[PDB]
Amino acid sequence: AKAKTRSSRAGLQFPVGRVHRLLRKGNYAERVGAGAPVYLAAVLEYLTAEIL
DNA sequence: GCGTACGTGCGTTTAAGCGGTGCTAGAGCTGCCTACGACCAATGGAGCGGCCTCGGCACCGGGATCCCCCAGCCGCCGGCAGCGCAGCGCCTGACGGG
C-alpha cells in the first residue's frame, strides 16, 4: 500500500496531519471528529493568505 | 459678556400595567440503534538538521529638491492732521418805522 498526505487530499498546503495531533494533545476535548481539523487547517490558510 | 435652552412646573392623555383567559409549541426526556473515533502495529519521506554560496540591502557620497522662512514690496485703507468749505446764527446793512 502507498500513502498520500491528507493536505493534498484536501488540496491544501497547511499540515492537517500535524495540526490534528495538536488538538489531540491540547485537551480541548477527549474525542475529535475527523472532519474538524480538515476544516480548521483550511481556515488558517485563508487567514494567512489574507494578510501577506 | 451675551444668550439660549434646558431645568422646572403645569396640564392633558395614553399606553403601560394588572388581572384575567386559552392555547400548543417546543423543550425535556426516554428507547434504541449505528458509526466513527480511538487504538494498535508498520512504514517511509517530509520535515528538520546541517553547510554554504551570491546580491539585496546597507551604506556612502553626491547632487537634487523643497518646503520654510521673511524681508521686499506694494496695495489698500483707515486714521490722522491739515485744508477748503457749507451752513447757520448772529452780525449788521437798507430802508421805512419808532
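Tabulated data for the structure shown
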quantity: Under 11 Å, Cβ to Cβ, from A:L12 - net charge with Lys/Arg +1 and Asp/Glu -1; calculated: +1
quantity: Alpha-carbon Debye profile of chain A, log10 I(q)/I(0) at 0.29 Å⁻¹; calculated: -1.13
quantity: Residue-wise HN-Hα coupling along segment A:40-47, computed from phi with Karplus coefficients 6.51, -1.76, 1.60 (Hz; x: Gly, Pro); calculated: 4, 4, 4, 4, 4, 4, 5, 4
quantity: Nearest-0.05 FRET efficiency for A:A3 and A:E50, computed from C-beta distance (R0 30 Å); calculated: 0.40
quantity: Contour minus Cα-Cα distance for A:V43 and A:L22 (0.36 nm per residue); calculated: 6.0 nm
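Using ideal geometry, Cβ is built from the backbone for each residue, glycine included, and neighbour counts are taken over all protein chains shown. Bear in mind that the values in this text are calculations on the coordinates, not laboratory data.
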